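Worth knowing before you read on, the calculation uses all heavy atoms, side chains too, and leaves out hydrogens, waters and symmetry mates. Below, read A as the first sequence line, B as the second, and so on, with proteins coming before strands; counting in each chain starts at 1.
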Amino acid sequence: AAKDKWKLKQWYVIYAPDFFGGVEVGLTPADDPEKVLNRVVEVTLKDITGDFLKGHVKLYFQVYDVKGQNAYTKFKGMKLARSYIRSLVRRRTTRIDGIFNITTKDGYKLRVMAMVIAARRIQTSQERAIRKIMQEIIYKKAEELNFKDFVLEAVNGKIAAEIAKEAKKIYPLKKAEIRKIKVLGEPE
Amino acid sequence: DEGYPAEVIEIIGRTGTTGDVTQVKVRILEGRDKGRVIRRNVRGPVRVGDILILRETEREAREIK
Amino acid sequence: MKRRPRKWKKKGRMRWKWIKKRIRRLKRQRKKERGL
Amino acid sequence: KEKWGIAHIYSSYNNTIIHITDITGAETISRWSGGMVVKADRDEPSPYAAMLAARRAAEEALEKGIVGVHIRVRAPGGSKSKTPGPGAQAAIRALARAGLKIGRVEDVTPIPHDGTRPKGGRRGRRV
RNA sequence: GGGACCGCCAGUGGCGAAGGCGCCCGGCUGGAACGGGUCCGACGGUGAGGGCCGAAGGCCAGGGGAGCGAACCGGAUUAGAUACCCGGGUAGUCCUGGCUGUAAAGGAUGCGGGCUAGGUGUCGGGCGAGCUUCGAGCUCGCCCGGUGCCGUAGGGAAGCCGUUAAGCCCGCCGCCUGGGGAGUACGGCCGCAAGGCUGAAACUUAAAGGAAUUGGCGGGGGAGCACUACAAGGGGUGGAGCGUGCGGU
RNA sequence: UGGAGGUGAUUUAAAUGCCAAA
Ligand SMILES: [Mg+2]
Ligand SMILES: [Mg+2]
Ligand SMILES: [Mg+2]
Ligand SMILES: [Mg+2]
Ligand SMILES: [Mg+2]
Ligand SMILES: [Mg+2]
Ligand SMILES: [Mg+2]
Ligand SMILES: [Mg+2]
Ligand SMILES: [Mg+2]
Ligand SMILES: [Mg+2]
Ligand SMILES: [Mg+2]
Ligand SMILES: [Mg+2]
């Protein structure tokens with residue numbers, strides 16, 4: 001009787017969001033197509049575009065619409081692998097974090113977490129200056145760009161490179177990353 | 001149902017509550033994982049070149065000092 | 001009460017904490033009978 | 001094409017649970033614990049029970065069309081211990097030996113940023 | 001949906017009179033170090049009485065209650081188990097306005113001034129020199145103020161302390177006078193209460209107390225050894241009748 | 001060479017001291 005219930009399920013194909021290429025990312029079983037809505041799938045950036053450098057970036061896609069046997073997704077959030085950022089924090093260095101709430105040009109609400117690692121121990125005032133620089137750069141980028149462009153730049157590493165170049169003037173750095181992104185709301 | 005022969009290639013040391021058990025390294029001679037080297041616990045006198053009959057080949061003894 | 005840190009040493013006596021508790025219990029009873 | 005799933009492994013000092021779901025985690029394929037393969041409560045967290053449970057789960061998953069899995073292994077975490085029990089590695093090895101391919105492996109133990117208070121009082125277990 | 005808490009970085013590192021203080025941005029505010037051919041002109045030290053601050057717990061009113069958890073209710077362990085272990089659980093722990101004024105509140109070391117070899121880390125400021133991706137960056141040297149370690153003269157019962165003195169000198173206040181009775185009795189002041197501060201006598205006693213030495217012991221650690229130890233084995237004794245020795249009668 | 005700190009853990013049950021020294 002149980003295996004009878006398993007035979008009622010059909011498989012649906014999941015596609016990446018539009019601006020990531022819209023490629024196939026997996027399959028999921030369900031008996032009623034309405035139950036597939038709001039499911040979330042996690043994929044690495046290396047799977048989307050093949051390059052063994054960015055294997056520690058993780059993206060979350062959420063199903064929002066089903067047509068036929070296909071399921072289409074939206075961007076929800078991004079995160080770095082825990083084991084990666086755990087290997088950056090060492091003694092005799094300084095970790096600087098900043099969490100910001102932003103609104104993009106086309107009315108998207110985002111929360112962004114960035115991180116910077118300094119070469120040595122530094123004074124707290126220098127930490128405040130670096131955090132202020134990060135805030136200014138992120139606010140300017142959010143005001144300038146649209147949602148998709150902002151997400152692409154954040155995951156590619158352009159924003160981190162600009163932050164590092166600007167923050168070298170306070171203290172030499174070792175790494176600079178956009179640690180996490182989560183979407184909060186979308187335009188009405 | 002008949003086990004798999006393995007050949008002893010190295011002696012590690014004595015163990016057990018009363019020093020009754022020896023830990024050895026063996027190489028599988030037959031079966032799915034023929035050629036692999038794993039460590040095992042043996043009861044009774046043993047020397048290099050002996051052949052044991054293992055009833056399964058997936059359990060490995062914890063390393064001793 | 002006043003401090004006598006010499007009393008806290010445990011050689012040849014019981015614990016000072018419980019002696020203090022016992023004395024405080026004893027002083028309650030005298031006070032109650034005094035009010036009558 | 002390729003049907004890939006996820007193996008959630010829960011390992012503590014008292015038991016072990018192996019749970020295979022689909023790629024999105026919302027559909028359960030199979031689920032086996034240490035208490036379903038042994039008779040003695042003392043043997044639930046042993047590596048051998050982990051091997052048996054992993055073999056059963058892998059067979060049930062393979063019969064339904066799963067090819068490979070990504071592994072997520074966790075200890076109880078929270079205010080309890082942060083270290084996985086002895087059955088995690090034996091469970092991981094047994095899945096591959098049963099025929100499933102192995103994707104990426106990571107641990108997802110929940111870690112607090114100074115959360116709540118653990119049991120035992122300010123002196124702990126006194127045994 | 002809710003209440004509490006801010007992980008790694010984190011450092012004999014920092015700040016504060018002490019109690020104490022760790023997510024980020026903004027406002028208000030106290031103290032200290034360094035640099036100073038700036039100003040006043042002994043205005044200073046200590047401080048009986050007096051005043052203010054003061055962990056946790058507790059009490060009085062009004063809120064809140066996630067997790068943990070005195071009292072309590074059950075399950076076990078045990079000769080018993082009012083406990084240690086396990087499953088639950090009230091007050092409390094949290095916020096607002098008060099009271100209480102107690103800790104191994106310990107650096108078990110009151111505060112101000114002058115003087116008496118060196119060596120070596122680290123935090124803040126200043127000066128000099130050399131590098132540099134030109135960075136509020138890096139390395140080295142010296143001065144002042146903090147914070148550690150090793151050590152000379154001297155000190156001490158010794159452990160040890162030794163320019164951050166427990167050394168030599170100039171000041172002021174507080175306290176002690178063998179062990180118990182006893183921080184008790186009686187009296188007084190303070191507190192809603194719980195309690196706080198002050199504080200004897202009769203009688204009793206030859207030691208109580210400190211630092212270090214040699215052994216013996218530990219349900220402390222490490223190394224070694226033994227068929228009157230074990231592990232792998234062979235044969236038995238303990239049950240019956242009898243030989244012989246012992247207790248008792 | 002010798003020291004000072006911090007975090008983890010630490011597998012059932014196991015009470016007593018007579019006789020003598022006198
Ligand atoms: Mg004294
Ligand atoms: Mg069970
Ligand atoms: Mg309890
Ligand atoms: Mg016990
Ligand atoms: Mg004064
Ligand atoms: Mg203290
Ligand atoms: Mg100094
Ligand atoms: Mg010295
Ligand atoms: Mg009175
Ligand atoms: Mg014997
Ligand atoms: Mg024997
Ligand atoms: Mg006989």
Side-chain angles (χ1 to χ4, degrees), chain A residues 82-102 111-136 138-139 164-175 179, chain B residues 14-22 42-46, chain C residues 1-13 15-17 19-35, chain D residues 13-14 41-42 45 77-83 109-127:
Chain A
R82 185 153 86 183
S83 65
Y84 174 67
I85 60 184
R86 202 163 51 83
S87 72
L88 294 181
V89 183
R90 311 257 70 99
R91 301 188 73 262
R92 302 184 170 277
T93 57
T94 300
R95 166 184 180 171
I96 310 171
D97 289 316
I99 306 178
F100 313 105
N101 306 323
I102 66 175
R111 187 169 295 129
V112 181
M113 299 78 169
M115 188 177 64
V116 172
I117 300 295
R120 295 152 166 266
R121 292 173 187 161
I122 64 176
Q123 300 174 333
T124 308
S125 47
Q126 296 170 311
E127 302 181 8
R128 296 194 219 98
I130 293 178
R131 193 175 293 113
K132 193 174 182 302
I133 289 178
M134 292 160 51
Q135 165 182 332
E136 292 173 351
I138 288 179
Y139 277 4
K165 185 189 62 56
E166 192 59 32
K168 287 182 192 307
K169 300 180 182 179
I170 298 290
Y171 204 87
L173 301 187
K174 180 142 56 180
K175 276 284 171 51
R179 184 170 56 83
Chain B
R14 313 300 290 251
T15 174
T17 295
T18 64
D20 200 10
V21 178
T22 316
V42 180
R43 187 186 180 191
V46 68
Chain C
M1 300 187 182
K2 299 188 177 183
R3 313 301 282 155
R4 276 206 187 111
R6 183 186 181 99
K7 283 266 196 298
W8 311 340
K9 295 179 177 178
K10 206 68 190 321
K11 175 181 175 182
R13 61 171 69 87
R15 190 175 178 172
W16 158 250
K17 215 178 189 182
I19 297 182
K20 192 180 193 177
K21 202 181 189 70
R22 214 150 74 167
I23 289 180
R24 277 174 176 168
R25 278 173 186 161
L26 190 57
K27 281 164 65 181
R28 276 199 193 93
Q29 184 183 350
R30 293 170 184 157
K31 182 176 178 299
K32 179 184 304 181
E33 300 173 357
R34 193 200 324 276
Chain D
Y13 292 138
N14 287 328
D41 305 356
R42 191 176 173 272
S79 56
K80 303 177 176 61
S81 59
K82 315 288 186 299
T83 303
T109 306
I111 302 296
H113 299 170
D114 258 17
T116 61
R117 186 184 183 100
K119 302 199 302 93
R122 64 185 276 105
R123 291 191 283 163
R125 298 183 78 247
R126 295 182 300 283
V127 293

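- Sugar pucker of E:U12 is north, as judged by a positive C1'-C2'-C3'-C4' dihedral.
- For E:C28, there is no paired base (Watson-Crick or G-U wobble, both distances below 3.5 Å).
- Across the strands present, E:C175 finds no partner; the criterion is a Watson-Crick or G-U wobble pair with both atom distances under 3.5 angstrom.
- The six-membered rings of E:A81 and its strand neighbour E:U82 do not satisfy centres under 5.5 Å apart together with planes under 30°, so the two bases count as unstacked.
- Look at A:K132 and you won't find any side-chain N or O under 4.0 angstrom from OP1 or OP2 of E:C25.
- Base pair annotation for E:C115 with E:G167: paired, by the Watson-Crick or G-U wobble rule (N1-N3 plus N6-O4 or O6-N4, or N1-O2 plus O6-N3, under 3.5 Å).
- Distance check on atom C1': E:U164 versus E:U147 gives 9 Å, rounded to whole Å.
- Distance, C:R28 CZ to E:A185 P: 14 Å, rounded to whole Å.
- The nearest whole Å value for the distance from the OH atom in D:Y13 to the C1' atom in F:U10 is 13 Å.
- Here the separation of E:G110 from E:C143, taken at their P atoms, is 32 Å to the nearest Å.
- Among the protein residues, C:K20 comes within range of no part of the nucleic acid, since none of its heavy atoms lies under 4.0 Å from any strand.
- Remark: E:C94 base-pairs with E:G63; criterion is Watson-Crick or G-U wobble with both hydrogen-bond distances under 3.5 Å.
- Using a 4.5 Å cut-off on side-chain heavy atoms (C-beta onward), C:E33 and C:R28 make no contact.
- Atom pair C:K21:NZ and E:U184:P shows a separation of 16 Å (rounding to whole Å applied).
- When the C1' atom of E:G196 is taken as reference, atom CD1 of C:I23 falls 16 Å away, rounded to whole Å.
- Residue A:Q123 is in sugar-phosphate contact alone, with no base atom involved, counting any heavy-atom pair closer than 4.0 Å across all strands shown.
- When both pairing distances are held under 3.5 Å, E:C140 makes a Watson-Crick or G-U pair with E:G128.
- Nucleic acid contact class of D:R126 (heavy atoms, under 4.0 Å, all strands): sugar-phosphate only.
- Pairing of E:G45, defined by two Watson-Crick or G-U wobble distances under 3.5 Å, is not identified with any nucleotide.
- In terms of phosphate contacts, C:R34 brings a side-chain nitrogen or oxygen within less than 4.0 Å of OP1 or OP2 of E:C186.
- Comparing E:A193 with E:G174, their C1' atoms sit 34 Å apart, to the nearest whole Å.
- Among the protein residues, C:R13 comes within range of no part of the nucleic acid, since none of its heavy atoms lies under 4.0 Å from any strand.
- Shortest non-hydrogen contact noted between B:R14 and B:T22 is NE-OG1, 3.4 Å.
- Pair assignment for F:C18: none, as no Watson-Crick or G-U wobble contacts are both less than 3.5 Å.
- As rounded to the nearest Å, F:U11 and E:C86 have P atoms that lie 14 Å from one another.
- Look at E:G196: its glycosidic torsion is beyond 90° from 0, and that puts it in the anti range.
- When heavy atoms are screened at a 4.0 angstrom cut-off, C:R4 is found touching base atoms of the nucleic acid.
- Here B:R43 lies in heavy-atom contact (under 4.0 Å) with sugar-phosphate atoms only.
- A sub-4.0 Å separation between OP1 or OP2 of E:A104 and a side-chain N or O of C:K7 is absent.
- Heavy atoms of A:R120 sit under 4.0 angstrom from primed sugar atoms or phosphate atoms, though from no base atom.
- Checked by distance alone, A:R92 brings no side-chain donor or acceptor within 3.5 Å of a matching partner on the base of E:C9.
- C:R6 comes within 4.0 angstrom of a nucleotide base, judged by non-hydrogen atoms across all strands.
- Contacts of B:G16 with the nucleic acid, taken as non-hydrogen atoms under 4.0 Å apart, are absent.
- Judged by Watson-Crick and G-U wobble geometry, where both atom pairs must sit under 3.5 Å apart, E:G16 and E:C246 do not count as a base pair.
- Between the CZ atom of A:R121 and the P atom of E:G137 there is a distance of 17 Å, given to the nearest Å.
- Backbone-only engagement by A:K169 is indicated by non-hydrogen atom pairs under 4.0 Å involving sugar-phosphate atoms exclusively.
- Per the geometry, NZ belonging to C:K2 stands 7 Å off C1' belonging to E:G183, to the nearest Å.
- For the OP1/OP2 pair of E:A104 and a distance below 4.0 Å, the side-chain nitrogens and oxygens of C:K9 include no atom meeting the criterion.
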